[PDB]
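**Student:** Got a structure for you, written out below as structure tokens; questions coming shortly.
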Amino acid sequence: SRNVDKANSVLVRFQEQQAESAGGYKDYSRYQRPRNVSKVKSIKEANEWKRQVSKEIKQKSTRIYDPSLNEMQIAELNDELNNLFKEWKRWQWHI
Amino acid sequence: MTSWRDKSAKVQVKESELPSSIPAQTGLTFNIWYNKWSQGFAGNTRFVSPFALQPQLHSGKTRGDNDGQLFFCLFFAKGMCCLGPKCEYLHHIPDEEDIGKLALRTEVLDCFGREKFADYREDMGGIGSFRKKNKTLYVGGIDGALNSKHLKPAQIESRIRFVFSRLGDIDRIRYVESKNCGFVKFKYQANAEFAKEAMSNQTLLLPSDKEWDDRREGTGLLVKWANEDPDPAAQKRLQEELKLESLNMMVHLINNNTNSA
Amino acid sequence: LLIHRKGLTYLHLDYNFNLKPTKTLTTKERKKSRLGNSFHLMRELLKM
Amino acid sequence: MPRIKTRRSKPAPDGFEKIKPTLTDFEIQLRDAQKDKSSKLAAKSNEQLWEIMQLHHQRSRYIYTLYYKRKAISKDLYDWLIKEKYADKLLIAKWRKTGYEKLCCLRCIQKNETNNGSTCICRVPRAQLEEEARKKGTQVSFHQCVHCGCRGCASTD
Amino acid sequence: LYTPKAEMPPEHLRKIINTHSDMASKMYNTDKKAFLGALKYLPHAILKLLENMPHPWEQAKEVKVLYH
Amino acid sequence: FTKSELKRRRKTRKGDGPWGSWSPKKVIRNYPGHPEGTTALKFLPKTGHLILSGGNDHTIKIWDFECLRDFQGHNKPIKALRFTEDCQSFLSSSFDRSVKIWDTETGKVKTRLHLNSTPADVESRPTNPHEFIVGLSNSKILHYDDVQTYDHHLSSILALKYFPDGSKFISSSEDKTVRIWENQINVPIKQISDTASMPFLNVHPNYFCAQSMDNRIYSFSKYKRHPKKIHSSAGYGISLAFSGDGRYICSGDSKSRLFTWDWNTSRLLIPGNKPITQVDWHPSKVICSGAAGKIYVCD
Amino acid sequence: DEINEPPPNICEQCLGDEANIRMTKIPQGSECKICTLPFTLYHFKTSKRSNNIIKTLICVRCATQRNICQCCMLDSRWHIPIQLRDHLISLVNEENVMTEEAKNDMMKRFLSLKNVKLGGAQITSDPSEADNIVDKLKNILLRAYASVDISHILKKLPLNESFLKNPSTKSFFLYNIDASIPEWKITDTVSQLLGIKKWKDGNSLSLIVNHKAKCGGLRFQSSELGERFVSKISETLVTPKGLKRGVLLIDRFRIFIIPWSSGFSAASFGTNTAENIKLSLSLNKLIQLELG
Amino acid sequence: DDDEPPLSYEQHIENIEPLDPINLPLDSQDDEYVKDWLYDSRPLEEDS
Ligand SMILES: [Zn+2]
Ligand SMILES: [Zn+2]
Ligand SMILES: [Zn+2]
Ligand SMILES: [Zn+2]
Ligand SMILES: [Zn+2]
Ligand SMILES: [Zn+2]
């Protein structure tokens, strides 16, 4: 079984849940957007969320200019770059 | 003399008041060999120094003054020395008398006694190289230092001129607003090595500002070693002072051949 | 200290000298954390 | 014969109850000196080792002045304190020599510990150290030795 | 020019062991190498400990030790 | 050199020689000595040299931070005790329907405040104004001149605090409300009823307060809690303490809502008797009164 | 060869003045600073009662190829750094001599095992080839922004007032400062003039110089020092309208002064680098108007 | 238990009276020559 299975087991989840309650872990490399921005919390928390969005920007931006030869995919890639751009701004308003 | 030789050096931080030796938890399990945190990501790991040097307050005679110590206390510069007057190293701003003692010694190692290296570190941080007598510091990371006050482009330079003037004789201070960074050049390298460790991870706030209670929450400013100055208005100054250094050495060197004959 | 110098912080050495993994291990970790006879035979002497 | 009061251990002689409250004060300071006070400096960590060698010295100067200087305890008590390890047998035995009167410890006279074949510098008289520093034009650089923190055991000072 | 070994107090050993509980400081970097390079001598320390084990008619047993 | 000189120079040493110079939380201490349970605890605000601990035996025992003195003079259980900053005064309040002042200098009762209807469970000293704030089963707050009566809470008032700026009185009651009081107009400025009895409050030394309940400790300008079964104290280090009646000491950070430690006290030489009734920090230590008849010191 | 190894190359001034020095040999001590490859660490102390251990930082092969000592890494003859040595020989042979060094670890090791000399290490270690170049050094000694709106700033610079005794001010305005002439050299020249030496202890004077605007100001604490700064300056230049200006006199340079009569602060000179260059360009005319 | 560390000698062990060991009673009329010294650590160590 691939490490996708081994990473999501109960014990690995348990110590992250302690590290939330004992320190400054959590990472944020784990979780989603989260769907709303007005429901987000303090800024020092959100800066790491915002930093994560920059990193998928850099993956997408490096992916745009390639000769993948797929006009549909690069159209899709410009769409995520545009939504992550609009996403990068909504955290700035939240900041 | 009146500011320094008159009094004795004072305990900056109590030994119970010293920070904990384990770092802030950025991982799941602590590692005992490498005193760091292992599992989990790596988060951040730069914080504002809780301590700072008040140079006219903390300076004084130490145990290293009577012993003829050449080297300055590293934790005096950080504002963290718990030994006070019982410390083996010096607790004062370097002067021409002090750097004259270090003159045979500064070539390979800094004013704090730490040995220099062949080439610089990749981010220009650290101790320094013995191949270049670098006397210019890159004052960077000012935004986290100010705690994101807008202040301006001149005020920021005023903070840099006030703080680094206490740490020794200055050749020049240049602030660049577009690059949001400063370049401080000292008269001696030993002041630049002292002021680098003194102003690493500090904050340019002063109390006269509202954020003084939140000075700890920020990131802290980076003092690192500076690169060469690329404008030819300064490049011509470099070969001019290198020319004067060469003429001052040839006079000293023909007297060696005069004595040798 | 030997376990932790090798970076094997996911292995817990008990006070009764039992060596147990703290989590479900990836394969690069199970290759890396495969201690030899001289570690375990030293560990079983200390258990005795 | 041990430190622990075992049943193989011999009961105390007559004069022990007079000197027992003094010996307990040296005993409770040794338990507070071994307490693991966590200090991060190496200049402070050996300094806590220097307090133990001081108290083991001061517990042994006490029994030395009881028996050899003031003759205030019996030989059967003084032999009992050595067997029960209240006093260092070999450290007292150096204090009886003419040159080793105020002997730091036993480690500061080992010729084999040092890099040279020399004693510790706390064995040197202070007026000898002032004389050599006077020719060098400086103050004397020695304050406390690394073995136990002494400041001069020379018998002349 | 040989004098014998100096017979330290028992508390001098005892403070050292207690001090080396939490080796988190930078001062312990040399002493961590000393713990790790002593691991080859540790089977000799187990034999000398188990051969001097107190027999059933003994409450306690003072042994003479050599310590780093 | 000479023998008389070396005899003189060896007396220059400060000692005699050879060492004379030529030049989480844990439990540190347990303190017994109250005959009954200990209800309230306050500390000297200037020097930190002493405690003032109430009791269920009607006495007050001043503990050294040893037992210094005993202050009798109440007929019933002393629910609250508060020490003044700018004055050398001690305001104690008990179940005997009286707020009694104490001159710390001579150790005698100076003043008795009157006209409470029933047992007075809270005293808080206003900082600047030389006022007293008392609250009780009267369901009203009385502002005493060391004048104003505030009505609103529909049940008994458990904890009361004072602050210099606006909303000068924060109050908490068993109608599960927390009100912020405008004392000059003598009416409510703001109502915070989000608790589902609020038995404890504590002021952060950030201009905020920490509000307690049975299972949820909130803050007011949350905290992650499972069933803790119910005092609060705020260190200057951010850490926020929570006393439980299930013996559990819930330590928390105030910024986060995070809970970093949960401890369990050892009862005594009954298992139901092991709660923590009151708690306070110094001006790096924690001093907690328990119903097992002991004061415990947490380091 | 591990059993046949050269003796260490250390300076005479590293060893110091004493005759017998007890030196400690460790056969594979640290690794070299240059080649990152192990060697025999020698370390020693100058006197017996010293407090500084002098270690050999580089191996003997890296010390031979550079012709430097192992401890202080200065040249064995002439006792100068390498960067100054290869610059002095470049003034003699009229070509650049330079020891170049690897930044790669496999080429730091490679460059050390070869038996060549590097840079000026052919010239030095030959006493005949060194002494004639010193003679060739001796013949060298026989030779021995128009778009900017700057008008908000020049109202605050004085530029129209005179350097007399009669105003009693703390601050002054120094213009005509070259891009050379460090900030320490102007405070030392003023403190030499007043005898208020070691001024940084008492903070008697505070000086701000831009080095882009070619202008600056120096503020005194204790206004009675201002009359000492006026009276200790003798030479002045009178502009042909009037309005006499004192000259500070750094070696070969001339720096003009006018009492500010208020505190200038930072940012009086400029708030942007492009903006400060035009103030030096603004002044250059007034200096030429003051002199000629 | 393997979770609890080896408890320190001085806070726990050293302060307590040890126990009685295994000793046969050694009848005095039949064993008078050995009963004074049989159960020592080193028997007759200081007898010259
Ligand atoms: Zn220091
Ligand atoms: Zn000594
Ligand atoms: Zn000693
Ligand atoms: Zn010694
Ligand atoms: Zn090399
Ligand atoms: Zn050298």
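We name chains A, B, ... following the order of the structure tokens; residues begin at 1 in each chain, and ligands are numbered from 1 as shown.
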With only C-alpha atoms counted and 10 Å as the cut-off, give the residues of chain B in contact with chain C, each with its shortest interatomic distance in Å and the pair that gives it, as a tab-separated table.
**Tutor:**
residue	atom	partner	partner_atom	distance
B:28	CA	C:9	CA	9.3
B:29	CA	C:9	CA	6.7
B:30	CA	C:9	CA	7.7
B:31	CA	C:4	CA	6.0
B:32	CA	C:4	CA	6.1
B:33	CA	C:5	CA	5.2
B:34	CA	C:5	CA	7.0
B:35	CA	C:4	CA	9.9
B:37	CA	C:9	CA	9.3
B:38	CA	C:9	CA	7.0
B:39	CA	C:9	CA	7.7
**Student:** I'd like the neighbourhood of range 9-13 of chain H as a list in words, where a residue qualifies if any of its atoms comes within 10 Å (using only C-alpha atoms), though same-chain residues fewer than 4 positions away should be ignored.
**Tutor:**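 The residues satisfying every condition are residues 31, 34 and 35 of chain D; 14 of chain E; 17 and 18 of chain H.
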**Student:** Using only C-alpha atoms and all ligand atoms, which protein or nucleic acid residues are at most 7 Å from ligand 5, as a ChimeraX atom specification?
**Tutor:** /G:32-37,58-62,112
**Student:** Export, as a PDB file, in the first residue's frame, the selected residues with N, CA and C atoms.
**Tutor:**
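Here's the written file again10.pdb:
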ATOM      1  N   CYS G  32      41.662  21.560   6.582  1.00  0.00           N
ATOM      2  CA  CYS G  32      42.149  22.849   6.109  1.00  0.00           C
ATOM      3  C   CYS G  32      40.994  23.795   5.812  1.00  0.00           C
ATOM      4  N   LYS G  33      41.230  25.084   6.039  1.00  0.00           N
ATOM      5  CA  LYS G  33      40.236  26.081   5.666  1.00  0.00           C
ATOM      6  C   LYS G  33      40.110  26.188   4.160  1.00  0.00           C
ATOM      7  N   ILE G  34      41.209  25.983   3.447  1.00  0.00           N
ATOM      8  CA  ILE G  34      41.256  26.205   2.014  1.00  0.00           C
ATOM      9  C   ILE G  34      40.862  24.942   1.273  1.00  0.00           C
ATOM     10  N   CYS G  35      41.597  23.862   1.493  1.00  0.00           N
ATOM     11  CA  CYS G  35      41.391  22.673   0.688  1.00  0.00           C
ATOM     12  C   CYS G  35      40.404  21.696   1.292  1.00  0.00           C
ATOM     13  N   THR G  36      39.936  21.947   2.518  1.00  0.00           N
ATOM     14  CA  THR G  36      38.972  21.104   3.242  1.00  0.00           C
ATOM     15  C   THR G  36      39.439  19.654   3.324  1.00  0.00           C
ATOM     16  N   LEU G  37      40.696  19.469   3.711  1.00  0.00           N
ATOM     17  CA  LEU G  37      41.320  18.166   3.677  1.00  0.00           C
ATOM     18  C   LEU G  37      42.264  18.117   4.871  1.00  0.00           C
ATOM     19  N   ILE G  58      45.492  26.258   8.197  1.00  0.00           N
ATOM     20  CA  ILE G  58      45.596  25.674   6.871  1.00  0.00           C
ATOM     21  C   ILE G  58      46.724  24.657   6.851  1.00  0.00           C
ATOM     22  N   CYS G  59      46.660  23.757   5.879  1.00  0.00           N
ATOM     23  CA  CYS G  59      47.668  22.720   5.775  1.00  0.00           C
ATOM     24  C   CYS G  59      48.942  23.283   5.165  1.00  0.00           C
ATOM     25  N   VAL G  60      50.003  22.476   5.204  1.00  0.00           N
ATOM     26  CA  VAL G  60      51.294  22.953   4.737  1.00  0.00           C
ATOM     27  C   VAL G  60      51.333  23.060   3.221  1.00  0.00           C
ATOM     28  N   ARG G  61      50.531  22.265   2.513  1.00  0.00           N
ATOM     29  CA  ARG G  61      50.508  22.364   1.064  1.00  0.00           C
ATOM     30  C   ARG G  61      49.794  23.625   0.618  1.00  0.00           C
ATOM     31  N   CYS G  62      48.679  23.957   1.266  1.00  0.00           N
ATOM     32  CA  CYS G  62      48.032  25.227   0.984  1.00  0.00           C
ATOM     33  C   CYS G  62      48.857  26.401   1.490  1.00  0.00           C
ATOM     34  N   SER G 112      45.014  21.774  -4.515  1.00  0.00           N
ATOM     35  CA  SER G 112      46.020  21.741  -3.467  1.00  0.00           C
ATOM     36  C   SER G 112      47.073  20.676  -3.693  1.00  0.00           C
TER      37      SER G 112
END
**Student:** Could you list the protein, DNA and RNA residues that have any atom within 8 Å of ligand 2, counting only C-alpha atoms and all ligand atoms, and write them as a PyMOL selection string?
**Tutor:** (chain D and resi 103-105+108+120-123+145+148-154) or (chain F and resi 18-19)
**Student:** Please, could you write that set of residues out with C-alpha atoms as a PDB file, in the first residue's frame?
**Tutor:**
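Result file follows (out-v2.pdb):
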ATOM      1  CA  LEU D 103      45.888  21.049  50.323  1.00  0.00           C
ATOM      2  CA  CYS D 104      43.093  21.912  47.830  1.00  0.00           C
ATOM      3  CA  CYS D 105      42.213  18.256  46.968  1.00  0.00           C
ATOM      4  CA  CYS D 108      45.460  19.363  42.109  1.00  0.00           C
ATOM      5  CA  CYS D 120      47.835  22.698  39.444  1.00  0.00           C
ATOM      6  CA  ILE D 121      48.588  26.393  39.540  1.00  0.00           C
ATOM      7  CA  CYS D 122      46.577  26.791  42.746  1.00  0.00           C
ATOM      8  CA  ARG D 123      49.505  25.035  44.429  1.00  0.00           C
ATOM      9  CA  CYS D 145      41.459  26.445  38.894  1.00  0.00           C
ATOM     10  CA  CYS D 148      37.588  22.438  41.845  1.00  0.00           C
ATOM     11  CA  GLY D 149      37.729  26.221  41.805  1.00  0.00           C
ATOM     12  CA  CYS D 150      40.567  26.796  44.253  1.00  0.00           C
ATOM     13  CA  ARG D 151      42.239  30.169  44.752  1.00  0.00           C
ATOM     14  CA  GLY D 152      45.551  28.978  46.257  1.00  0.00           C
ATOM     15  CA  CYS D 153      46.224  26.029  48.630  1.00  0.00           C
ATOM     16  CA  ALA D 154      49.916  27.032  49.048  1.00  0.00           C
TER      17      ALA D 154
ATOM     18  CA  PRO F  18      41.532  27.779  49.845  1.00  0.00           C
ATOM     19  CA  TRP F  19      38.465  29.393  48.285  1.00  0.00           C
TER      20      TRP F  19
END
**Student:** To one decimal in Å, tell me the separation between CA of residue 59 in chain B and CA of residue 94 in chain B.
**Tutor:**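 Separation of CA of residue 59 in chain B and CA of residue 94 in chain B: 11.1 Å.
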**Student:** Any idea what the distance is between CA of residue 25 in chain B and CA of residue 220 in chain F?
**Tutor:**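 Atom-to-atom, CA of residue 25 in chain B to CA of residue 220 in chain F, that is 28.3 Å.
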**Student:** Pick out the residues sitting within 9 Å of residue 31 in chain E, and hand them over as a count of residues only; count only C-alpha atoms, and ignore anything fewer than 5 positions along from it in its own chain.
**Tutor:** 3
**Student:** Using only C-alpha atoms and a distance of at most 10 Å, pull out the residues of chain E that contact chain C, as a list in words.
**Tutor:**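 Close to chain C, chain E has residues 32, 33, 35, 36, 37, 39, 40, 42, 43 and 46 of chain E.
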**Student:** Could the residues in this selection be saved with C-alpha atoms as a PDB file, in the first residue's frame?
**Tutor:**
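Contents of again.pdb, as written:
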ATOM      1  CA  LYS E  32      27.573  13.668  23.192  1.00  0.00           C
ATOM      2  CA  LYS E  33      30.523  12.390  21.183  1.00  0.00           C
ATOM      3  CA  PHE E  35      28.647   9.050  25.051  1.00  0.00           C
ATOM      4  CA  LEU E  36      28.599   7.669  21.557  1.00  0.00           C
ATOM      5  CA  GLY E  37      32.231   6.615  21.463  1.00  0.00           C
ATOM      6  CA  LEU E  39      29.279   2.431  23.329  1.00  0.00           C
ATOM      7  CA  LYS E  40      31.985  -0.020  22.276  1.00  0.00           C
ATOM      8  CA  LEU E  42      29.788  -0.830  27.258  1.00  0.00           C
ATOM      9  CA  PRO E  43      29.964  -4.681  27.107  1.00  0.00           C
ATOM     10  CA  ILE E  46      28.253  -4.930  31.929  1.00  0.00           C
TER      11      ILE E  46
END
**Student:** For a quick check of understanding, using only C-alpha atoms, which of G:212, G:152, G:114, G:85 has the smallest distance to residue 68 in chain G?
**Tutor:**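 Looking at the shortest contact to residue 68 in chain G, the residue is G:85.
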**Student:** Residues of chain H within 10 Å of chain D, using only C-alpha atoms, as a PDB file with N, CA and C atoms, in the first residue's frame?
**Tutor:**
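Result saved to part-v5.pdb:
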ATOM      1  N   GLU H  10      19.254   8.558  44.964  1.00  0.00           N
ATOM      2  CA  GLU H  10      19.418   9.352  46.168  1.00  0.00           C
ATOM      3  C   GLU H  10      18.091   9.846  46.696  1.00  0.00           C
ATOM      4  N   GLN H  11      17.172  10.167  45.798  1.00  0.00           N
ATOM      5  CA  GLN H  11      15.851  10.582  46.222  1.00  0.00           C
ATOM      6  C   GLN H  11      15.018   9.413  46.706  1.00  0.00           C
ATOM      7  N   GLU H  14      18.664   5.655  48.710  1.00  0.00           N
ATOM      8  CA  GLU H  14      19.720   5.844  49.702  1.00  0.00           C
ATOM      9  C   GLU H  14      19.167   6.179  51.083  1.00  0.00           C
ATOM     10  N   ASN H  15      17.981   6.760  51.148  1.00  0.00           N
ATOM     11  CA  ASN H  15      17.457   7.209  52.424  1.00  0.00           C
ATOM     12  C   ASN H  15      16.846   6.096  53.265  1.00  0.00           C
ATOM     13  N   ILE H  16      16.627   4.901  52.714  1.00  0.00           N
ATOM     14  CA  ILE H  16      15.859   3.875  53.412  1.00  0.00           C
ATOM     15  C   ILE H  16      16.794   2.821  54.006  1.00  0.00           C
ATOM     16  N   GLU H  17      16.401   2.293  55.167  1.00  0.00           N
ATOM     17  CA  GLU H  17      17.041   1.117  55.740  1.00  0.00           C
ATOM     18  C   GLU H  17      16.848  -0.064  54.794  1.00  0.00           C
ATOM     19  N   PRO H  18      17.911  -0.847  54.489  1.00  0.00           N
ATOM     20  CA  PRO H  18      17.823  -1.771  53.350  1.00  0.00           C
ATOM     21  C   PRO H  18      16.837  -2.921  53.471  1.00  0.00           C
ATOM     22  N   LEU H  19      17.188  -3.977  54.213  1.00  0.00           N
ATOM     23  CA  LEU H  19      16.403  -5.136  54.659  1.00  0.00           C
ATOM     24  C   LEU H  19      17.320  -6.149  55.323  1.00  0.00           C
ATOM     25  N   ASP H  20      16.753  -7.219  55.858  1.00  0.00           N
ATOM     26  CA  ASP H  20      17.602  -8.333  56.250  1.00  0.00           C
ATOM     27  C   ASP H  20      17.893  -9.235  55.054  1.00  0.00           C
ATOM     28  N   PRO H  21      19.130  -9.694  54.907  1.00  0.00           N
ATOM     29  CA  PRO H  21      19.465 -10.617  53.821  1.00  0.00           C
ATOM     30  C   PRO H  21      19.241 -12.057  54.226  1.00  0.00           C
ATOM     31  N   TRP H  37      32.296 -13.762  61.374  1.00  0.00           N
ATOM     32  CA  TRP H  37      32.852 -13.201  60.153  1.00  0.00           C
ATOM     33  C   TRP H  37      32.352 -13.873  58.885  1.00  0.00           C
ATOM     34  N   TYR H  39      29.422 -13.885  57.156  1.00  0.00           N
ATOM     35  CA  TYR H  39      28.607 -13.158  56.198  1.00  0.00           C
ATOM     36  C   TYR H  39      29.090 -11.737  55.967  1.00  0.00           C
ATOM     37  N   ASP H  40      30.388 -11.500  56.055  1.00  0.00           N
ATOM     38  CA  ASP H  40      30.885 -10.186  55.709  1.00  0.00           C
ATOM     39  C   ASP H  40      30.932 -10.028  54.193  1.00  0.00           C
ATOM     40  N   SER H  41      31.176  -8.797  53.753  1.00  0.00           N
ATOM     41  CA  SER H  41      31.401  -8.553  52.334  1.00  0.00           C
ATOM     42  C   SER H  41      32.688  -9.225  51.880  1.00  0.00           C
TER      43      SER H  41
END
**Student:** Can you work out which residues are within 6 Å of ligand 1, considering only C-alpha atoms and all ligand atoms, and then hand them over as a PDB file with N, CA, C and O atoms, in the first residue's frame?
**Tutor:**
ATOM      1  N   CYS B  73      32.994  40.082  24.057  1.00  0.00           N
ATOM      2  CA  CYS B  73      31.983  39.119  24.462  1.00  0.00           C
ATOM      3  C   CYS B  73      30.878  39.077  23.435  1.00  0.00           C
ATOM      4  O   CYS B  73      30.343  40.114  23.043  1.00  0.00           O
ATOM      5  N   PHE B  75      27.908  37.690  23.775  1.00  0.00           N
ATOM      6  CA  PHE B  75      26.598  37.907  24.348  1.00  0.00           C
ATOM      7  C   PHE B  75      26.470  39.270  24.991  1.00  0.00           C
ATOM      8  O   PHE B  75      25.364  39.649  25.384  1.00  0.00           O
ATOM      9  N   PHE B  76      27.569  40.005  25.121  1.00  0.00           N
ATOM     10  CA  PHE B  76      27.454  41.433  25.363  1.00  0.00           C
ATOM     11  C   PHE B  76      26.811  42.120  24.183  1.00  0.00           C
ATOM     12  O   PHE B  76      25.993  43.024  24.357  1.00  0.00           O
ATOM     13  N   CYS B  81      24.636  38.694  28.063  1.00  0.00           N
ATOM     14  CA  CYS B  81      25.682  38.090  28.878  1.00  0.00           C
ATOM     15  C   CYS B  81      25.260  38.054  30.335  1.00  0.00           C
ATOM     16  O   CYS B  81      24.959  39.090  30.930  1.00  0.00           O
ATOM     17  N   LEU B  83      27.195  36.732  32.805  1.00  0.00           N
ATOM     18  CA  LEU B  83      28.313  36.734  33.733  1.00  0.00           C
ATOM     19  C   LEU B  83      28.600  38.133  34.249  1.00  0.00           C
ATOM     20  O   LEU B  83      28.973  38.302  35.414  1.00  0.00           O
ATOM     21  N   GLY B  84      28.444  39.139  33.404  1.00  0.00           N
ATOM     22  CA  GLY B  84      28.667  40.501  33.807  1.00  0.00           C
ATOM     23  C   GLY B  84      30.139  40.784  33.986  1.00  0.00           C
ATOM     24  O   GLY B  84      30.950  40.552  33.089  1.00  0.00           O
ATOM     25  N   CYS B  87      33.056  37.915  33.475  1.00  0.00           N
ATOM     26  CA  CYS B  87      33.164  37.288  32.169  1.00  0.00           C
ATOM     27  C   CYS B  87      34.560  37.453  31.598  1.00  0.00           C
ATOM     28  O   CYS B  87      35.194  38.494  31.770  1.00  0.00           O
ATOM     29  N   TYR B  89      35.573  37.789  28.571  1.00  0.00           N
ATOM     30  CA  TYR B  89      35.710  38.562  27.351  1.00  0.00           C
ATOM     31  C   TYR B  89      35.270  40.001  27.581  1.00  0.00           C
ATOM     32  O   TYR B  89      34.681  40.336  28.606  1.00  0.00           O
TER      33      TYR B  89
END
